[PDB]
Structures are given as C-alpha cells and as structure tokens.
Amino acid sequence: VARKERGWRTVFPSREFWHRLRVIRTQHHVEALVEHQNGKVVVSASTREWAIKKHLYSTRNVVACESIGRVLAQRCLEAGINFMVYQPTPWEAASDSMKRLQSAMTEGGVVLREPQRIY
Amino acid sequence: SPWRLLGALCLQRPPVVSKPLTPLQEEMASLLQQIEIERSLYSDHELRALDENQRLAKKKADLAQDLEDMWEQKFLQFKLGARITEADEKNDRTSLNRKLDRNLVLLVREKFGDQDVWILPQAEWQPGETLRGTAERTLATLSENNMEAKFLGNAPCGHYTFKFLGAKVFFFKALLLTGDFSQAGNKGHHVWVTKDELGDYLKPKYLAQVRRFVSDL
Amino acid sequence: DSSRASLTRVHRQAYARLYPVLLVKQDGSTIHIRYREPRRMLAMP
Amino acid sequence: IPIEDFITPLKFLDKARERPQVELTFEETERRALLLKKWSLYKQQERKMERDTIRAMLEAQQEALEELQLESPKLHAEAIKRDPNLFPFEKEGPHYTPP
Amino acid sequence: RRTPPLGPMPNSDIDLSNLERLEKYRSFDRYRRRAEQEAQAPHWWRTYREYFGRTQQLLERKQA
Amino acid sequence: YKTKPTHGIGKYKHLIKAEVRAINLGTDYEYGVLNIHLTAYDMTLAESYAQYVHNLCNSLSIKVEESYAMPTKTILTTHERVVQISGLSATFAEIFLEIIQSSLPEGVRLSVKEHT
RNA sequence: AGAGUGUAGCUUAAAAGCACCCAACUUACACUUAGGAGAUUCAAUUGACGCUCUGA
C-alpha cells in the first residue's frame, strides 16, 4: 500500500521499489545488499566476513556469487523480506555471475520482483 | 669554486641474437601452437596430403612424404650459426662477440696518481664544447677504431660528483650501430660486460650505481 | 626481453595453418616464421 | 588510398570439415589452466620489472638534469634541445645465427 | 546579478587547461561509483536528502 | 538560476574537449606527430608487437592518434603496422625509445619517421 | 656517523578501495565478461630490521 518513489525517469536506477538488491563487485570481493528507499541497508552479505570467506576458494568468481546468493537469500527470508528488485546494467544483466546470483536468490525463496502498489 | 669538468659515456651493444625462452614460455608456446592448430581452417598442404592418399587408396582399392623428406634433409644441410660464441671464448673480454643475447658495455682501466680506478669511459670537456659533442669526441678517441655508434638525445642518464677543487661526472648513454673495431687486441683495457661483472669490476658508490641506468632487461 | 611479442597465436578466426619455417634472407640469419607447406629453411638468392 | 588487406580470402569457406573434433580431458584443461594462471603470474612479474626500470631510469635522468642544471646553467637549456638526427631512426629486430 | 557560491563548487579542482592530459572515465561503472559517492556527500545546495531523509585472528585466518 | 549561488552547477561543455608541427619553443620541448612502421613477414609478431607498443603508450600517458596498418606487398608478403605518437620529453625520448629497441622479438624493424 | 623514516604501486583505508596482469570481443585501443597475484620489517606505545638525505 505504501508509496514508491514513482518518479526519476531520466535517471538510472529507478527509485520505484521498497527493497533493492544491490550487488557491489569490487576487485577482490563480491558484496550483496538489501536496501530500502531510504538507503538504510537492511540485510547485507559480503565476502568481507569470516563466516562466509573461509569456505570459499576465491572471493571473486561465479562460485562467490552463487554462495553470496544462497547466504543472502537465507538471510533475507529470516528478515521478513520476500520481494526485492534487482535492476542491472545491460552488461551486468548478461553476466554469468549475476544470472547465477539470480538463480541462487529465486531458488533460495526470494522473488526478485515487487508486487504493485494498491491504490 | 674550480669545477673539474668531466664528461663521459655508457656504451651499449644491442643483442643481435634473441634471448632463450623460459620453460614456462616453452609450455605456453607449445600450448599456443596446439590451440593455434585447433582453430585453423583447411591448409592446402594437408589437402595435398590427406585426401590425396584417400584417393590413392581408392585407386589401389579398384608426394607430400617426398616434400617433407626433402625439407627435412635440406634442414639437415644448412648448419645453424651457433648462438654461443660465449662459453668457448670465456676470456675474450675485449672482443665484441663475448655475448650475443645480452647487452655489452665498454669499460676501460684508468691509471691515475692519487687514484687507480677501473672506469666507465670518460672525457674532459670545455665550456665551448657541446655535451653531446663531448660524447661524440669521446667515441672515436679512446678506442682508436672505426666504429659506428648512435646517440639518442642531449638528455643525460646518470650523474655522480666526487671531490677530494670541485668536480662533477656526467654519464650519457650511446648505442652501437655497427663497428669497424680495428685491432681488437688493443693495449687498452676495454672489457665488454653483460650486467654481472659491472658489480665485480666497479666497487665504489660512483661506480656500483651505474647499473641503475644500464638497460638490464 | 626479446620474447614478449613472440608468444603469439593468430588472432583471426578465418585463418588456415601456419608452420614455423626458418627463413634466411642472404646472411645466414635464421628467423622463425610461419608459412604455408611446412618448409624447414629458406634462402633468397 | 584506402586499400587494406584485412579482407578475408574467399577460399576459407567451403571445405571447413577437417577438424570438427575438439575433445580434451580433465587434466589437460587443468594443466592449461595452470599455464594461464602461472603465466599471468609470470607476465605480471615482468611488467613489475619493466615498471621498476622506467621508474628507476626516469628518476635517474631527472636527478641528472637537476644536477646538470645547478652545476651548469648554460647546459640544461641545451640538454632539452632535440636532435634532427631522429627523423629517420631505425633498428632491425634480433636474429638467431650471426653472419 | 551574479552572487558568488557559498561553499566550493563541484568540478572545480579537476578543471584544468589540459583535459587531454587528464585520464578519463573509460566506462559507465566508474562514473556510477564516483557519482554515488558525490551523492552521499554533504553539500551546501538543496538536495534530495534534506527533504526525503587480534593478531592471532589474522594469523590463523591467513594460515586457514 | 543566474542569480542563485548554484549558477552553472550543471555545466559540462568546458569538461569535454569536443573538437601538425612540433612544439619546441624555449623550455618545454616536444616532438610533433610521428609514425612507427612495423614490417614483418608475420602477421602475428607485427600485430602483437604493435599491441605491446600501444599498451606501453597507454601505460605511459601518450596521445596515440591512430594504430592503423598498411597494405601488404607481393614479394613472401611484407606486413606493416603504423602506430602514431605525439608529444614526448627530452628524457622521455631516450627512455621511451630504449624500450621499443629493447623489446623487439625477431627481425621486426622500426621507424621513428614523422608524418608526410 | 647522524637525521627522516616504514601497509602490495597510491592512500589524514582500517587487513579495504582503486591501481596491475593474462584470456575472450575488438586491426588495435577502450568498454565489458571470465580468471590471477598480492602486502601492516621482527620483538616487546618502545627498541632493533630495510630504504632515503646529510657526512668522512
């Protein structure tokens, strides 16, 4: 029922969501965020974290993104969050590690598409 | 202050022979030849080898080996010029063919009175002389030959100033195009050095620091 | 460092085989080159 | 005249049937992977070496021009002057067998 | 009637005479990174944010 | 707006340069445009060495105007690659040329010829 | 002998981020994608290990 910021049509990304999944792939680390429109990071999962980093071979590969997708999805089911928006750039859309990340999220339990606002 | 005005030069030989490969470069080169073959597209040499013996099997059922054999024996005809005139000599330090795959540097004994120093070859300049022309005069003076070198610019390369009367020492860098180095068994003490003997022949701080502008590769 | 620009491969894809045929122009100077029909040595008269 | 030679020859179309077979094993691609990994190691160490040489020699020549400037204020003006002998500058690549 | 800016203007310190000597954004992603960093900084104009807003561990971890 | 202190906060055309002899005047000296021809009997060593030159030049902050190639010749075939360069220093002429000298693979020659 | 000292290239980063390299698309570059390598000199804020500058 709550408002989404409907506007922002000339600017990337759109602010029309309640929760956004924002992947930050650095040189060394894959990072995954779940945010509000406020910018309040609700649920994160980075490989800069000893609980997940030590079970990985390399913190940047497709295995790192499937791992951070399983871990992020399990962390978000227990936060009462079931609907994100993931809006990628058209090269990051067609990357293998984000297709593997999205398949990890959808198989985890999270639908990557928000329901409409009830007016 | 009376400055003892000193110019010099650091002479270079470009290697005519290429360096040998790393064994890791051997495995990578072999791998690139394999995967290079794997993506090629029907060379006529095998079209004149593969289907031709199929058609000869069809004719016998009812020459590429000579080309390869002639190429093999003609490969056995011309012996290669050996890349190592380096270990057989082992003491021809004055000769220009001491090494072939590395750079070679001219390096001359000088006997002074207060000193007695093995020195990268110098000259004495005049304020009327150009520093590049100081090094050009340095070329055909000390060796007494008919070489052909080549400079690059009036930019210097390495400066070292020692006193005991002020002084300064300027190090340029030349490059041998060719050489008509006549009578290589000179009375002078020029020695060609790869890199390692420069830390052997040259001890002090004005001479153990030449290799930081010697093109080491 | 005379081996950096040597570890190559044909960067095209519509290319046939090439073979490491040693070439001499006139001077007894052998260079490894790739040419059609696997020759071993060359000399230009 | 804009005539180049990147145009592909027409014969490379029809008989493309000599090698459709590309099969390998596990350990062949493992050793191929170790060659790419350790070869990027080797090449990275190489450009660390060359970057060290450009840094060392470039600071060497800048320190040299500073000392030549402060010990001769009429020679660093001509040390910057360029040579007209570097228009037709050439060097052929190295060989194997000396003549 | 120009009035002078209150704080420092953006795009001031990078504004040089030789832009072709300045290395550029080769991508879209780097501009998105720097651009989000400039979004999060406190500014002096009116912005959207005003209105809508030990050693053994590294030892065993490195060996681990 | 023209009277507000944030006037011209959104302007950008001074930040894009949306648009030959040598410059050797009195102290700051630099070559004009150049040409570096690479001739070889190999497409591979000439193309790949032109790559190594071009990535050196981008790794040493040099304007590289073009990197085109010249047509071949019926002879064996001789291949050429032209990698243009504009603007060097006194030290950087020497230090820049010594690496191109000291990195040639096999029999491929150079040229520091200029334009026209 | 003294002085300045000190995280991988750079950091008023605290084991990070940019830098960097190979492979692929590109003539090539660039983008992008797949990978790779990385470090807080050694002991108790302090001394001693390595570098730079000034000395003989």
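Residues numbered from 1 in each chain as written, not as in the entry; some residues may be left out. Chains lettered and ligands numbered in written order. Part of a larger assembly, values for the part shown. Heavy atoms only, no water. Residues with missing side-chain atoms left out of burial classes, pairs and counts.

Deposited coordinates in this entry are attributed by the record to cryo-EM, at a stated resolution of 3.03 Å.

Turning next to the overall build of chain A. Helix and strand content of chain A: four helices and three strands. In chain A, the order of α-helices and β-strands from amino to carboxyl end is β-β-β-α-α-α-α. Compactness check: chain A gives a C-alpha radius of gyration of 14 Å against a globular reference of 14 Å for 119 residues, within 12% of the reference. Principal-axis analysis of the C-alpha atoms gives chain A an extent of 50 × 30 × 25 Å. Burial analysis of chain A (119 residues in total) assigns 39% to the buried set. In chain A, the share of contacts with a sequence separation of at least 24, taken over all contacts with a separation of at least 6, comes to 59%. Looking at chain A as shown, the accessible area adds up to about 7,300 Å², and 50% of this sits on carbon and sulfur atoms. Where the 19 positive side-chain charges of chain A centre and where its 11 negative ones centre are 3 Å apart. (Helix = DSSP H or I, 4+ residues; strand = E, 2+ residues; numbered from the N terminus. Rg over C-alpha atoms; globule rule 2.2 N^0.38 Å. Buried < 20%, exposed > 50% of the residue type's maximum accessible area, 1.4 Å probe, protein only. Contact = heavy atoms within 4.5 Å. Areas by Shrake-Rupley, 256 points an atom, 1.4 Å probe, with all protein chains shown as cover. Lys, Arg positive; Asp, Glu negative; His and termini not counted. Charge placed at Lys NZ, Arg CZ, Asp CG, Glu CD.)

Take the interface of chain D and chain B next. The interface is formed by 40 residues belonging to chain D together with 46 residues belonging to chain B. Of the roughly 4,000 Å² buried at the junction of chain D and chain B (both faces included), carbon and sulfur atoms supply 61%. If you sort the residues of chain D by the area they bury against chain B, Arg19, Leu35 and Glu71 of chain D come out on top, with a joint share of 15%. Our count for the chain D to chain B interface comes out at two salt bridges. The salt bridge involving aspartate 83 of chain D is made with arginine 132 of chain B; its shortest N-O contact spans 2.6 Å. Counting across the chain D and chain B interface gives 15 residue pairs in polar contact. Elements with a contribution of two residues or more to the side of chain D that touches chain B: α1 (26-71) and α2 (76-79) of chain D. In terms of residue count, the dominant contributor to the side of chain D that touches chain B is α1 of chain D (16 residues). (Buried area = accessible area lost by both parts, 1.4 Å probe. Salt bridge = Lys/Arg side-chain N within 4 Å of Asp/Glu carboxyl O. Polar contact = N/O pair within 3.5 Å; in protein donor to acceptor, adjacent residues only side chain to side chain.)

On to the interface of chain D and chain F, then. On the chain F side, the residues contacting the 27 residues of chain D number 35 residues. Where chain D abuts chain F, roughly 2,800 Å² becomes buried across the two surfaces, and 58% of that area is made up of carbon and sulfur atoms. It is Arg82, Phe89 and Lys91 of chain D that lose the most area in chain D upon contact with chain F, and together they represent 24% of the buried surface on that side. In this structure, the connection of chain D to chain F is made through one salt bridge. One salt bridge in this structure joins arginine 109 of chain F and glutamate 92 of chain D, with 3.3 Å as the shortest N-O distance. For the pair chain D and chain F, the number of links is 14 residue pairs in polar contact. Looking at which element gives the most residues to the side of chain D that touches chain F, the answer is α1 of chain D, with eight residues.

It is the contact of α1 of chain D with helix α2 (residues 90-101) of chain F, at a shortest axis distance of 10 Å, that shows an interaxial angle of 155°. Looking at the two axes, α1 of chain D sits roughly antiparallel to α2 of chain F. As α1 of chain D runs across α2 of chain F, the sense of the crossing is right-handed. Across the interface between the two elements, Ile54, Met57, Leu58, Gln61, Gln62 and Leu65 of chain D from α1 of chain D touch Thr91, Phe92, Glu94, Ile95, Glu98 and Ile99 of chain F from α2 of chain F. Residues belonging to the contact of α1 of chain D with α2 of chain F are distributed by class as follows: seven nonpolar, three polar and two charged. (Axes fitted to C-alpha atoms, helices over the stretch in contact; angles between N-to-C directions. Parallel < 35°, antiparallel > 145°, perpendicular 65-115°, else oblique. Left-handed = near helix turned anticlockwise from the far one by under 90°. Nonpolar A, V, L, I, M, F, W, Y, C, P; charged D, E, K, R; others polar.)

Right, let's get into the sheet that holds strand β4 (residues 122-124) of chain B. Strand pairing within a sheet occurs via backbone hydrogen bonds; the two strands may be parallel or antiparallel. Pairing is mixed across the open sheet formed by four strands, whose spatial order is β4-β1-β7-β6 (chain B). Here the strands that pair on one side only, and so sit at the sheet edges, are β4 and β6 (158-160) of chain B. For this sheet, the mean inter-axis angle between neighbouring strands, taken without regard to orientation, is 25°. Pairing analysis gives three bridges linking strand β1 (residues 3-8) of chain B to β4 of chain B, with the strands arranged antiparallel. Following the sheet pairing, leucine 6 of chain B is matched in β4 of chain B by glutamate 124 of chain B. Sitting on the sheet, helix α5 (residues 131-142) of chain B is in contact with β1 and β4 of chain B, with an inclination near 120° to β4 of chain B. Packed on one face of the sheet, α1 of chain D meets β1, β6 and β7 (166-171) of chain B and runs near 50° to β6 of chain B. (Pairing = 2+ DSSP bridges.)

We now examine the pairing of strand β2 (residues 30-35) of chain A. Residues and elements named next belong to chain A. Burial within β2 is extensive, with six of its six residues counted as buried. Residue alternation in β2 divides its side chains into two sets, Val30, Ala32 and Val34 and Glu31, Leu33 and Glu35, and both sets are buried. Both strand β1 (residues 20-25) and β2 contribute to a ladder of six bridges, which runs antiparallel. Within the sheet, the bridge partner assigned to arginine 22 lies in β2 and is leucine 33. Counting the residues in the hairpin turn of β1 and β2 gives four residues. As judged from the five bridges shared by β2 and strand β3 (residues 41-46), these two strands associate in the antiparallel manner.

For the nine pairs of chains in contact, the largest share of contacts goes to chains B and D. You won't find any contact between chain A and chain B; their C-alpha atoms come no closer than 24 Å.

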